[PDB]
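Beneath this line is the structure, given in structure tokens, with notes to follow.
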Ligand SMILES: *[C@@H]1O[C@H](CO)[C@@H](O[C@@H]2O[C@H](CO)[C@@H](O[C@@H]3O[C@H](CO)[C@@H](O)[C@H](O)[C@@H]3O)[C@H](O)[C@H]2NC(C)=O)[C@H](O)[C@H]1NC(C)=O
């Protein structure tokens, strides 16, 4: 009320961190770095392909 | 020799048909935030390609009044509008009994407002405080049969309650390119002499239309497009007195409007966090909101529309008269200006006549001599039917100006009598379909029929 | 009205928020008995509630 | 000549001109039949319409038996009552936009005659390949 | 005869009848696969199902190498374990509706055998054209 | 050998390897381009976009004139300035992933040259069939 109106979370839904697989749509693919030494940017010289993460 | 049916695909053939068109806008709108203005979010970025290619050998019949696309644009604008005002504050604690004070300042041509004090539910939802805000007189109505002249109500709550327009969105007439979807095309008349219906014997094709202005304006057409070579008149059937007649100009007639009143934006809080904005004190002297037109240029444009009316009414001079009267939003020139919505008394403009021979304004005594229109202003706006039929336009804090161009007029022929030599035209164009119909006059959508069959001397090899 | 096989309804009078949001008037309307329930444990046989 | 090579006639630049020239550059009328990107439900409904109508036009062109599927001849004779007009008049003098008005009264019969003739040809060709 | 010409068998009129007759009039089962217009989101989803499933069925019929692609022969042998039934019994006596129950156990293998054979043919034909 | 028969290379298993091997097993990159089911408006747009992009890729392969349309030769000469590289180097040593970086600067011209050449061939073939 120093802020917009606020809403309760219904008990019928529970906010567990359920695993979520993000998947590329058909005609696209997701490339997955296989090298454990990846430092956040630059070439992974060994890659795997998966439709879902 | 014998002929066998041979089928061709990729074939240029058309059917005029109904289709759902894109909405496209220029790239400069897309660096802004969401729905600021709506074209940034509810429309695709445009592309100048393809060029305005010309189909030289073509002849095609076009139309405006049976045209579906103007109605489709009307529906698109209305639906977008409901989508735009959905997230904003809903009001409804403003229909409390407003107690509005009298004033010792003399009334007259100054547009005095009413200082109305009323109770509000503060951020403490089950607690209240007294609050004051200044409302224009058209926004306010005396309360009820339990009569007390000092107590008032907003003009809503005799109607479905009303929603403020959020300041985070601004209602500039941003250009909108309408584009046919893939598999359809738009044909654009290239002949400037088009008179509303019949064959344009020279047509061009584009995937996207001109940057159409979604302008809100009743009696005059603001910031619109222009004809290439001559002033134009358009109407479904000039025989009828009921049908609107559109006029489209060769050169624009400049119009400038302004509030000399220096409003300050008050920030009232209504319930949980959401704010209601209203006019505070008039920090400055009280002055008349108005509009201006260069008098000699308006006279020239009106006499030229006179010559163009003579082409359809040769044996008569043209007289112009006061508007139709009645409802404020219908009789007055209502249009949008910077965030505020003006309502102008155009009886001062449409008062001249054409004598059948042009009356010279050259040499000019003073080109800056102006005709003045004294305009009311509303905040509670009943824009359309079926849009929720209400907006509260919040006040914006400054002495604003919206210097702009006129490019068209919406007249209407008065009832005939005696077959008079001077039979008159009134400004009465109310529906906003006509504004876009005056601007989409070149365009028609064609459905491609790419699969044609024709004869020739060949049969399939077997 | 005498009770019986006539399906008599209950004439219920109640306060409404009129067009003026923070002003009220007494208004009456007749509701069928299945739509109406007695109020609460703060019992008064002359006071009722909608079945919602 | 109409064999421009770097063809630039946009969506419909062959319209109006003689069918002798419009027989060439059919590809621009065919290539352009898919485009656009997102705006909500309405534009998505527009987008699906383009794809579905194109695929319908490909159904008709596929069951009729074309090879090199933007022009193909057929074995169905031209019952002259469909035009009663000279071949040279049709191809040289006249244009496709006008030819729509002539044949459109009768297209729905041809659209089935081509179908049945093509399916007949398919079965006969399979039989001939079996006999070979 | 089944060569009706003005074929009128609707969506599925060949179902149940002998495969010898259903070999003709395949086009009505193929032509009808796309239709409808819009309501809301749900039937818009329904509209996209027809488009996508049809295009899938065309993917399979395309990578298998059919020309005149609603009937095409292939070079993959019929490993007799797939039916172990006489040709005349299959074509004259049986019907497609019943034949689905036989071959459906084994389709996923044939759907790759045709693919690899067609790719082999494509490369071999390019090589032969190069040698020519 | 690359002629696996029971090909199992998923979406992209030929990427990186030499173009001589990737010339075969093109079908798995082509077969996999349509899939998925619905969630709401946001991903329904993804589902429709896949179909539209595929159909665009088929427009290009169709107006160019490919028969057996996943490999086809053309009559447009390779203007050597497009690569200035040996054929054996391109096919045996290089890979498709790297070859993209070479030709992509010039693709838009070839995509029209093939179009006009195919349409030329179509009219010429109709003329030859008429003369026959
Ligand atoms: C609020 O009102 C004041 C005047 O009380 C506005 O300021 C004045 O605006 C005029 C506009 O005509 C300025 O004059 C000149 O206009 C010409 C156009 O012909 C332009 O070319 C000149 O360069 C100049 O701008 C004038 O200088 C200006 N100031 C004063 C002291 O008169 C003000 O614009 C109004 N508020 C808003 C938001 O516009």
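How many residues are out of contact with any helix residue (DSSP H, G or I) (no Cβ under 9 Å at 6 or more places or on another chain) and within 7 Å of chain B (Cβ to nearest Cβ) when one looks only at the range D:87-96?
Residues that pass the stated criteria total 1.
Those residues that are within 7 Å of chain F (Cβ to nearest Cβ) and either within 12 Å of residue E:83 (Cα to Cα) or in contact with a helix residue (DSSP H, G or I) (Cβ under 9 Å, 6 or more places away or on another chain) (or both), I need them from the range E:113-132; list them, please.
If the condition is that a residue be within 7 Å of chain F (Cβ to nearest Cβ) and either within 12 Å of residue E:83 (Cα to Cα) or in contact with a helix residue (DSSP H, G or I) (Cβ under 9 Å, 6 or more places away or on another chain) (or both), then E:115, E:116, E:119, E:122 are the ones that fit.
List pairs: first in the range B:276-296 and within 14 Å of residue B:406 (Cβ to Cβ), second not in a strand (DSSP E or B), Cβ under 6 Å, 6+ apart or cross-chain?
Hits for this filter: B:295/B:369.
Select from the range B:64-91 the residues that are surrounded by 17 or more Cβ atoms within 10 Å (Cβ to Cβ) and part of a loop (DSSP other than H, G, I, E, B) and write down the one among them that is farthest from the other protein chains (Cβ to nearest Cβ).
Across the range B:64-91, the extreme among qualifying residues is B:64.
In the range B:370-398, how many residues are in contact with a helix residue (DSSP H, G or I) (Cβ under 9 Å, 6 or more places away or on another chain) and farther than 21 Å from residue B:88 by Cβ?
Number of matching residues: 6.
For the range B:265-287, give me the residue count where each residue is within 14 Å of the ligand (Cβ to nearest atom) and either on the phi > 0 side of the Ramachandran plot or surrounded by 15 or more Cβ atoms within 10 Å (Cβ to Cβ) (or both).
3
Quick one: in the range E:42-59, which of the residues that are at the interface with another protein chain (Cβ under 8 Å from one of its Cβ atoms) and under 16 Å from the mean Cα position of the chain (by Cα) is surrounded by the most Cβ atoms within 10 Å (Cβ to Cβ)?
E:55
Looking at (1) outside any strand (DSSP E or B); (2) touching a residue at least 24 places away in the same chain (Cβ under 8 Å); (3) at negative phi, find the lone condition where residue B:373 falls short.
(1)
Scan the range E:78-87 and tell me whether some residue there is within 24 Å of residue D:124 (Cα to Cα), surrounded by 13 or more Cβ atoms within 10 Å (Cβ to Cβ) and in contact (Cβ under 8 Å) with a residue 12 or more places away in the chain. Break it down into steps so the answer makes sense when it comes.
The initial filter retains those residues of the range E:78-87 that are within 24 Å of residue D:124 (Cα to Cα), namely E:78, E:86-87.
Imposing the further condition that a residue be surrounded by 13 or more Cβ atoms within 10 Å (Cβ to Cβ) reduces the set to none.
No, the range E:78-87 contains no residue that is within 24 Å of residue D:124 (Cα to Cα), surrounded by 13 or more Cβ atoms within 10 Å (Cβ to Cβ) and in contact (Cβ under 8 Å) with a residue 12 or more places away in the chain.
From the list D:25, D:18, exactly one residue is surrounded by fewer than 21 Cβ atoms within 10 Å (Cβ to Cβ) and touching a helix residue (DSSP H, G or I) at 6+ places or on another chain (Cβ under 8 Å). Which is it? Step through it out loud before you land on a result.
Numbers: D:25 fails: surrounded by fewer than 21 Cβ atoms within 10 Å (Cβ to Cβ).
Just a single option satisfies the conditions, and that option is D:18.
I want to confirm something. Restricting to the range D:28-37 and keeping residues that are assigned to a loop (DSSP other than H, G, I, E, B) and within 7 Å of chain B (Cβ to nearest Cβ), which single residue is surrounded by the fewest Cβ atoms within 10 Å (Cβ to Cβ)? Before you say what the answer is, go through the steps one by one.
Filtering the range D:28-37 down to residues assigned to a loop (DSSP other than H, G, I, E, B) leaves D:32-37.
The next check asks that each one be within 7 Å of chain B (Cβ to nearest Cβ); those that pass are D:33-37.
Numbers: D:33: 22, D:34: 18, D:35: 17, D:36: 20, D:37: 12.
So the residue we want is D:37.
Would you confirm, using the coordinates I've provided, whether residue C:2 is closer than 24 Å to residue B:126 by Cα and either out of contact with any strand residue (DSSP E or B) (no Cβ under 8 Å at 6 or more places or on another chain) or assigned to a strand (DSSP E or B) (or both)?
Details: closer than 24 Å to residue B:126 by Cα: no; either out of contact with any strand residue (DSSP E or B) (no Cβ under 8 Å at 6 or more places or on another chain) or assigned to a strand (DSSP E or B) (or both): yes.
Spelling it out, it is not the case that residue C:2 is closer than 24 Å to residue B:126 by Cα and either out of contact with any strand residue (DSSP E or B) (no Cβ under 8 Å at 6 or more places or on another chain) or assigned to a strand (DSSP E or B) (or both).
Counting just the residues of the range B:402-421 that are within 16 Å of the ligand (Cβ to nearest atom) and surrounded by 15 or more Cβ atoms within 10 Å (Cβ to Cβ), which one comes out nearest to residue B:435 (Cα to Cα)?
Step one: filter the range B:402-421 for residues within 16 Å of the ligand (Cβ to nearest atom), giving B:402-405.
After this cut, where a residue has to be surrounded by 15 or more Cβ atoms within 10 Å (Cβ to Cβ) as well, the list is B:402, B:404-405.
On the way: B:402: 19, B:404: 16, B:405: 14 Å.
Residue satisfying both the conditions and the ranking: B:405.
Please state which of the following conditions residue B:290 fails to meet, knowing it meets all the rest: (1) within 12 Å of the ligand (Cβ to nearest atom); (2) within 30 Å of residue B:362 (Cα to Cα).
Failed condition: (1).
Determine, yes or no, whether residue B:365 is out of contact with any strand residue (DSSP E or B) (no Cβ under 9 Å at 6 or more places or on another chain) and over 17 Å from residue B:217 (Cβ atoms). Full working, then the answer.
Values: out of contact with any strand residue (DSSP E or B) (no Cβ under 9 Å at 6 or more places or on another chain): yes; over 17 Å from residue B:217 (Cβ atoms): yes.
Yes.
Give the residues of the range B:378-401 that are part of a loop (DSSP other than H, G, I, E, B) and away from the ligand (no atom under 16 Å from the Cβ), sorted by residue number. Steps first, answer last, please.
Of all residues in the range B:378-401, those part of a loop (DSSP other than H, G, I, E, B) come to B:379, B:382-390, B:393-400.
Selection gives B:379, B:382, B:383, B:384, B:385, B:386, B:387, B:388, B:389, B:390, B:393, B:394.
Could you please tell me which pairs satisfy a Cβ distance under 6 Å, a separation of 6+ or placement on different chains, a first residue in the range B:244-266 that is under 29 Å from residue B:440 (Cα atoms), and a second residue that is within 14 Å of the ligand (Cβ to nearest atom) and not in a strand (DSSP E or B)?
Correct list of pairs: B:256/B:403; B:257/B:402.
In this structure, is residue B:336 in contact with a strand residue (DSSP E or B) (Cβ under 8 Å, 6 or more places away or on another chain), within 16 Å of the ligand (Cβ to nearest atom), more than 14 Å from chain C (Cβ to nearest Cβ) and in contact (Cβ under 8 Å) with a residue 12 or more places away in the chain? Don't jump to the end; show me each part of the working.
Details: in contact with a strand residue (DSSP E or B) (Cβ under 8 Å, 6 or more places away or on another chain): yes; within 16 Å of the ligand (Cβ to nearest atom): no; more than 14 Å from chain C (Cβ to nearest Cβ): yes; in contact (Cβ under 8 Å) with a residue 12 or more places away in the chain: yes.
Taking the combined requirement at face value, the residue does not satisfy it.
Would you tally the residues in the range B:249-264 being within 16 Å of the ligand (Cβ to nearest atom) and part of a strand (DSSP E or B)? Reasoning before the result, please.
Going residue by residue through the range B:249-264, those that are within 16 Å of the ligand (Cβ to nearest atom) are B:254-264.
Checking which are part of a strand (DSSP E or B) leaves us with B:254-258, B:263-264.
Residues flagged as within 16 Å of the ligand (Cβ to nearest atom) and part of a strand (DSSP E or B) within the range B:249-264 amount to 7.
Just a yes or no: is a residue in the range F:39-53 assigned to a loop (DSSP other than H, G, I, E, B) and farther than 30 Å from residue F:122 by Cα?
At the first step, the residues of the range F:39-53 found to be assigned to a loop (DSSP other than H, G, I, E, B) are F:39.
Pick out the ones that are also farther than 30 Å from residue F:122 by Cα and you get F:39.
Yes, the range F:39-53 has at least one match.
Can you find a residue that is surrounded by fewer than 19 Cβ atoms within 10 Å (Cβ to Cβ), within 16 Å of the ligand (Cβ to nearest atom) and more than 14 Å from chain A (Cβ to nearest Cβ) anywhere in the range B:311-330?
Checking the range B:311-330: not a single residue is surrounded by fewer than 19 Cβ atoms within 10 Å (Cβ to Cβ), within 16 Å of the ligand (Cβ to nearest atom) and more than 14 Å from chain A (Cβ to nearest Cβ).
When only residues in the range E:61-86 that are at the interface with chain F (Cβ under 8 Å from one of its Cβ atoms) and not in a loop (DSSP other than H, G, I, E, B) count, which is farthest from residue D:116 (Cα to Cα)?
Residues of the range E:61-86 at the interface with chain F (Cβ under 8 Å from one of its Cβ atoms): E:62-63, E:65, E:67.
After this cut, where a residue has to be not in a loop (DSSP other than H, G, I, E, B) as well, the list is E:62-63.
Working: E:62: 22, E:63: 25 Å.
Out of the qualifying residues, it is E:63.
Every number in this text was worked out from the coordinates using simple rules, so none of it is lab data. Don't worry about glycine lacking a Cβ; one is built from the backbone with ideal geometry, like all the others, and counts go over all protein chains shown.
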